Every structure is written in structure tokens, then in C-alpha cells.
Amino acid sequence: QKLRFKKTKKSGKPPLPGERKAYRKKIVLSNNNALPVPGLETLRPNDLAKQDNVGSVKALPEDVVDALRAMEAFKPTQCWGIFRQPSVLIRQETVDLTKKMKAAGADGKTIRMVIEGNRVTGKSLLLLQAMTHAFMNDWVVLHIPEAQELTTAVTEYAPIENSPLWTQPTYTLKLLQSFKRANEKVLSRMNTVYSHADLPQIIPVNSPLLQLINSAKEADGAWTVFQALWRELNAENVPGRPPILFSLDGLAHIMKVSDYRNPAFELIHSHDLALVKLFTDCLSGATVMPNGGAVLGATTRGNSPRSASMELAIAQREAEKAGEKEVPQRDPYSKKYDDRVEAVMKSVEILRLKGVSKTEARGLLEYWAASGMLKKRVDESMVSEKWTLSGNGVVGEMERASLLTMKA
Amino acid sequence: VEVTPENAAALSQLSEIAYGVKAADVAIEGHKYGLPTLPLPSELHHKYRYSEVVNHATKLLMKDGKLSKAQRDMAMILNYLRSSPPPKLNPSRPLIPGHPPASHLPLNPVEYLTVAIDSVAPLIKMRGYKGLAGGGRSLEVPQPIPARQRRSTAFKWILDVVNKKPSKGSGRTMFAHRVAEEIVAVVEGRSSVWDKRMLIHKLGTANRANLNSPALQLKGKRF
Amino acid sequence: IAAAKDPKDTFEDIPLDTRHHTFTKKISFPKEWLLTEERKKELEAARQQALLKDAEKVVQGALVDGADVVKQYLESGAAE
RNA sequence: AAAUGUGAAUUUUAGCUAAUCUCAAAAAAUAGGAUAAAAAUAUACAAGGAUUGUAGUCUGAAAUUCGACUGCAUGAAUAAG
Ligand SMILES: Nc1ncnc2c1ncn2[C@@H]1O[C@H](COP(=O)(O)OP(=O)(O)OP(=O)(O)O)[C@@H](O)[C@H]1O
Ligand SMILES: [Mg+2]
Ligand SMILES: [Mg+2]
Ligand SMILES: [Mg+2]
Ligand SMILES: [Mg+2]
Ligand SMILES: [Mg+2]
Ligand SMILES: [Mg+2]
Ligand SMILES: [Mg+2]
Ligand SMILES: [Mg+2]
């Protein structure tokens, strides 16, 4: 037999389920070591629309942070836990978008816009400012934190009888639970006006609308309750129905063929998912909002596929706005386009985000310095240095060069 | 007292030359916006832009020439120390003299790291002479070590304790936060590296007489 | 040329296919940066507005300096 | 380049015998994202890709002794010595 040498064979409590995932996804919104910035004002109900506030940093109210936190508006990749109080930079792009939401909700119209930009320019956070203006002005915010959770086939899905659509019960349930906490104040003032026959429970007309949402205790009847809720919020002629802000982050995920498989093992299109089929209809104008509001779709660059149809549409809409007689056209021999993506994006408005101005960059640096997190003399010579290293004022890059450095 | 250009620099004490409003004459003075005062601060040399301790400790995290990763880890460590509560110094483990109070370390994460490394770093090293203590045994003799050797030994002990600890969470901050927590345990005196520091110091005191041993002075003088 | 003149099929339905060719994009120095007599006046304005913006704060004592902010906070016994 | 095939590859040759045309695309990195009681409590058997079955492709009279790759299935040791 073999005589060679062989190494003969031969601690702590392990984490609980979901503990690891919750570690890399928790959001810290304070730092006791950070200094309280003197003169830091809080956002009034009408501060994200004043032209004079451009370039100034203001703190978010306490109740707003509870609502924004409820619907997962903050993200771990963002630098919030470095300062004491969550504050945002009122930006010239914020006043533009907000002034439209203000007029839209007042005139009963609906703005259907798409936000675009570079890797980290403030797309995801420009929505956080749109939702902030919505909560403070008594709107109904329906936010979808990550659009990749609806397309990457990571949640339960079931078909609808006699239709090509597909529902996602486990996600729709979780979506209602977070919809209550965020809009608890606005919903408390509204009651039902229609007779919903099929529901997990009996609900008479003229009852607390918040009761209708509490019927969805199981994932099965989750979608049915949602459609009923959607009918109430969009009551044609009912006093007290506020505008609706239907926002979605990661637009590039719902503009392609999803990863789900139908019984024939054929990829399901993202626009067939009942929940995604609702946002695209509101974004395309097919489904009208009688009370008005805004439908905002923000793209993303971190973990985002490329859809030539969306990129072409965004390019065509910007060309028509500029007035160019010639508009980008399809590549007559490319097979990466999607007719349905073109139809949805055929009338939306584009909002390109780029680096901030040197005046806004100062207001953001002074806030970091006042908090003791940037030990430098904030002057024109220092603002232009950070403004240059950040690639013409890209807010995302300006943080890595000032806050996430190893020099202080 | 409204300020205007004709009186801005006069009333604000700012140099118009530094701002380029009234530049100098290049054909005569050679410059256009003033000359930097020499000698320059050490931090302005692109090879010495980071602190000596931070730059030295960063490259000890590096593996396989991945300096960009180690630089982001050191940035996460200094960010963790900056968000942690002030430490509670232990009188049994006196830090290096002259350090700032514990209340100042959080806002100064670089000093937080420096005070930690310079506090557990040993002051001596044990060198052995082959076959001079008896029947084939070596003669261990202590000797002092420069700063870079003190910090290198210290931070390598910290990384040795870190690698052996179990995993806690997920993401890109696992290793960074795991190291930062050990940096805090050192300043609070409840770390394991303090034992390794005292263990090597005992060998020095237990062998302080070997500096003049008969074997070390009779190598080839007993023909 | 004879086949091109053939009126049988003009192939107008077929778009010109240029996938065999790799188009190259060239970059040029921005013409807005050329230091002309008009731009010199533009810089003088920016160079002067910078001095005013800082001068206004130095007088009002609003020029932020992160170094001194942290120092005073630690020396004012406010950090417990 | 186009077309065909899940893939190896095939069909057909535009150009170049070359700082011109072609092989040809760098990867690590950078930035996001997913997965954890990520093997020792057997209803939670990790990572791993050896061994073998089977269906194919390319080169060449010729691939059995005895070639190189591809698809599907199989899923060994291996706790850093
Ligand atoms: N107005 C602002 N005020 C303060 N900080 C901001 C502001 N806008 C953006 N930031 C910061 O800039 C960084 C990137 O912002 P954000 O995450 O919104 O970018 P993004 O466009 O959504 O990126 P991606 O394409 O990867 O999804 C974050 O740290 C964010 O806090
Ligand atoms: Mg985003
Ligand atoms: Mg990574
Ligand atoms: Mg080819
Ligand atoms: Mg090759
Ligand atoms: Mg393991
Ligand atoms: Mg496996
Ligand atoms: Mg063979
Ligand atoms: Mg080995």
C-alpha cells in the first residue's frame, strides 16, 4: 500500500437569517460626533420651489425622514451617516422639477418626466426631493425603491386568468405596508366612494380608506386590494383627492425583457408584469390621473443594463426640445430595439442632470466644513479645486474627494 | 458698510494678486500670482501627501499591488472611527504621553489611528546569537527599533487579530469595519495586542544582562 | 455601373448598411478657451467677482474654515 | 462584415501580404448589485471541478490503443498543509 505522508484529518454563535443582508442595507442618518451646523434651516412646505434657495443646504423635517425612510428613499451608497441631521442641497434642478409638480397638482394636469445623468449626479436623490415636496404638500407618494426587484426574478409571481399579465403578490403586499406608514396622515382624511365586491373582507362605501389597505393581510389578495386602492385615489370627481406622485428608480430595468419564465419557458416582458404595466401606462399617458400629479422615472448607472430603445427615446426627446430639425433615428440594421419601449417613451419629458455650479458647490462644501468633516478654508481657491476634481461639479464625485478621503 | 471692488481688498485684507485682479509682471518678477512660500509643507509633495502613519499603515493592508482597494479600506476605517463614540481610556493601559484627550480622537481619525499604533508598538526587539547560551541554545539580546519598525510590528499584530475573527455581515465594509473595531479596542485597553506587547517587553527585562554576556565578548578570544 | 442603372430593382427599400466600417470620432481643442481680447474681459469679470464674494464673507465673518471650527469646538469644552 | 447554431463552429469571402487591412477583444482595476447559521445540530451537506456516461465540432487517409475543444448529465478528494 501507499507509504507517503498524509496530513490526518482534524467557535461562535452564527448570525440569524437576514442579519447579514440587513447589515449592508441599513441606513444611518446621524452622527453624534459631527458638529451641529449653526444657522441650518429646515425645509418649509414651499422651500424646494423658491428660486432664492438655490445653492443653500437645508435640513429635512423629522416627520419627512420617517416617511422617506418608510418607502426606502435613502440608500446605503449615499453619505448620510457622516453628518448629524439629514440635509439636502436645494439645486437649480430641484426648483425646476418642483415648480412643475406645484403647477401640475394645482391645475389637475400630470407631468410625465424621466431623469437622466452620469454615474452619480443626483438622479436617485432628485426623487428624494420630489417625494419630500410631495409629503410636505399633502400628496400621495407611491415610490418603487428598486426596479431590479421587479425584473430580476427574485420575488414570487403568478399569472392572471384570461390575460397575459403577471402579478407579484409578495411584493405588492410589502408595497402596501410601506404605503400606509408614509401616507398615514393623508390617507386618514380620505374614505372609500366605490363598492369593491371582491376583497379579503367586506367594506361598505364611505369607510376609512385606511381600513381598505389593512384588508391585505396575506400576499394572495394583495394585488386585488391594490387595484381597488388605485381606483379610490383616482376618483374622477371627489373632493379631497390629492395629486399622486408615482415614482420609480432604475428605469432601465423595466425597459427590456424580464428574467421571469412563463410555463413555456419563454422570457416574460417587463411590461407584462401587472405592477410594471401600471407604471408604464401612467408614464405613457394611457392611464390618466383625474386628480393630476407627476410620474417620474429615474434611470441608474450602478447595476443597470443597456436598452437601446430607452437611450434612443431619451435622445429623440432632447432633440425635439432643442428644436433640431434632424432627430436621432433607429439603426436600420440593429436588432436591440423594442417597439413597446418606444411607445411608452414617445411623449415623456427629459431632465438631464450634470455637475452643480460653482455657487452650489460652495454651499455644499461650507455645510461639510461647518460639520467638522472638511478641515479646510472654504474659499474660491478651494471651491474651484473640488469643483475641478469632481469633473465639473458632479456631486457624487465631489464627496469621494472631500468626505471619503484618507487625508483627514 | 457695503463692500465694493475699489475697497474690497483694502477692507478684506485679501491679496488682489492672489485672485488675479491685479496680476504681477511676468516679464520682470517671473510670476503672475505670487510665489509659494518656501520651504513647502511636507504634504504638498505628491509622494508624501498622506500622513506618515496613514500611508505606512495603508500599504500594510495592500495585497497583490491593489493599492486602490487598500486606500479605500483605510478611508472606511477613518470613516468608522469618525462615527464611533469617544473611547474610554483604561488607566492600566496608559497611551503614549502627549496624546490628546479621548474626546478629540473621533473628529481627528488620523490621530485616533496614530495614537493607537504608537501606543501598542513595542520599544525593543529580540535578536538571537546562534549557539552562545549553552548546549546549542541561542543568546537572546534586546535592542531598540526605529519608529517605522515599531509601527510596522504594531499594525501587523492588529491585522493578525483581525484575520482570525469571524465574519459578521456583508458588503464592501466587512474588512474595513472589522479592522476599525480592533483599533478602538486598542485605545480602550481591552485588545489582545496589549498582551503581545507586554510579552515581548518581559523578554527584554529578563535578558537585560545579556548585553555584556561572556559569550558575546569571547567569540574568538580564547585560542 | 450597368447593374446600378438597371431600373428593375432600385433597392431604395434597403437602407445603406455601414456595419463593415468603424467610424472614428476626433476631439478638438475647445474654441471657447482661446484667449482672445473678448475672453480676457470675461476672465477679468470672473476673477473680480471671486474677490468680492470672498471679501463679503471675510467682513461679515462668514468665511467657513473647517480647521478652526473643529479646534474651537474641542477647546470650548463642548465635547464633554 | 453579414447570416446560421445554446455552444465548439459553419456558410460566404471584403480588405491586406501590411505604421494602411486582419488576428483584436486587454484583464486586474474603478463603480454598483445578488447570495449566508455560505461545511462541524443531517429536514440547512459550503466552495470545488477530478472521475465517468452521452451527444457533437475541428484538423487529418486515419482520432481504437492515442489528439484538441463544445453541450447535457455525473459531482471525487480538498478545513491552507
Ligand atoms: N442635492 C444633494 N445634496 C446633497 N447631496 C447630494 C445631493 N445630490 C446628490 N447628493 C449625493 O451625491 C451622491 C450620489 O447621489 P445619487 O445616489 O442620488 O446619484 P444617482 O444618479 O442616483 O446614481 P446611480 O446612477 O448610480 O443610481 C450621494 O452621496 C448623494 O448624497
Ligand atoms: Mg440611482
Ligand atoms: Mg467591488
Ligand atoms: Mg465575424
Ligand atoms: Mg489571439
Ligand atoms: Mg465558511
Ligand atoms: Mg456546489
Ligand atoms: Mg480518444
Ligand atoms: Mg502550502
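Before moving on, here are some points about what is shown:
- Take each residue of peptide A:365-377, count the partner chain Cβ atoms within 10 Å of its Cβ, and average: the result is 5.
- Sorted by Cβ density within 10 Å, fewest first, the residues A:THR155, A:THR42: A:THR42, A:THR155
- Put in order of Cβ neighbour count within 10 Å, fewest first, the listed residues A:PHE179, A:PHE265 become A:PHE265, A:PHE179.
- Modelled spin labels at A:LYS407 and B:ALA215, positioned 7 Å past Cα toward Cβ, are 5.4 nm from each other.
- Computed over all pairs of different Cα atoms, the Kirkwood value for the hydrodynamic radius of segment B:10-144 is 20.3 Å.
- The GNM of chain B, with springs linking C-alpha atoms under 10 angstrom apart, assigns the highest mean-square fluctuation among B:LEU203, B:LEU95, B:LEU132 to B:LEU132.
- Separation of alpha-carbon centers, segment B:1-47 and segment A:340-408, rounded to whole Å: 26 Å
- Segment C:1-77 and segment B:170-191 have Cα centres lying 42 Å from one another.
- Three-way shape call for segment A:85-205 based on the alpha-carbon gyration tensor, with the a/c threshold at 1.5: oblate
- With Cα atoms, 0 to 90° folded angle of helix B:109-120 axis to chain B main axis: 20 degrees
- Calculated P(r) tail over 33 Å for chain A, as whole % of Cα pairs: 39 percent
- Three-way shape label, segment A:227-361, alpha-carbon gyration tensor, a/c 1.5: oblate
- Overall, the anisotropy analysis places segment B:3-65 in the prolate class: the square-rooted eigenvalues a ≥ b ≥ c of its C-alpha gyration tensor yield a/c not less than 1.5, with a/b exceeding b/c.
- Cα→Cβ-extended label distance, 7 Å offset, between B:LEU203 and A:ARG400, nm: 4.4 nm
- Degrees between helix B:193-205 axis and first principal axis of chain B (Cα, 0 to 90, nearest 10): 50 degrees
- Per residue, the average separation of C-alpha pairs within less than 8 Å and at least 6 apart gives segment A:65-210 a relative contact order of 23 percent.
- Set A:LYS9/B:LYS63; A:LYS25/A:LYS174; A:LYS100/A:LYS123; B:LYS59/B:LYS168; A:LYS375/A:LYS407; A:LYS376/B:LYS32 screened for pairs whose C-alpha atoms are more than 20 Å apart: A:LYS9/B:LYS63; B:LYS59/B:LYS168; A:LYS376/B:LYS32
- Label sites at B:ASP64 and A:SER188, each approximated as a point 7 angstrom past Cα along Cα to Cβ, lie 5.6 nm apart.
- Ranked by how many other beta carbons lie within 10 Å on average, peptides B:188-195, A:294-301 from highest: A:294-301, B:188-195
- Taking the square roots of 5 times each eigenvalue of the Cα gyration tensor of the protein assembly as shown, largest first, gives ellipsoid semi-axes of 55, 38, 31 Å.
- Reachable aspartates and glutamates, given that their alpha-carbon falls under 13 Å from the alpha-carbon of B:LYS88 and they are not under 8 places away in the same chain: B:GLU188, C:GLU80
- Degrees between helix C:66-75 axis and first principal axis of chain C (Cα, 0 to 90, nearest 10): 30 degrees
- Chain A: calculated mean residue ellipticity at 222 nm from DSSP helix runs of at least 4, using -39500 (n - 2.57): -10000 deg cm²/dmol
- If you take the Cα centroid of segment B:70-134 and the Cα centroid of segment A:200-234, the two points sit 59 Å apart.
- Listed by chain and number, the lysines placed with their C-alpha closer than 22 angstrom to that of A:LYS336 are A:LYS256, A:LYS277, A:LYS346; residues fewer than eight positions away on the same chain are left out.
- Exposure proxy order (Cβ contacts within 10 Å, fewest to most) of B:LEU60, A:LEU233: B:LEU60, A:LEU233
Here, each number is a calculation from the coordinates, and none is a lab measurement. Backbone-built Cβ (ideal geometry, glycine too); neighbour counts: all protein chains shown.
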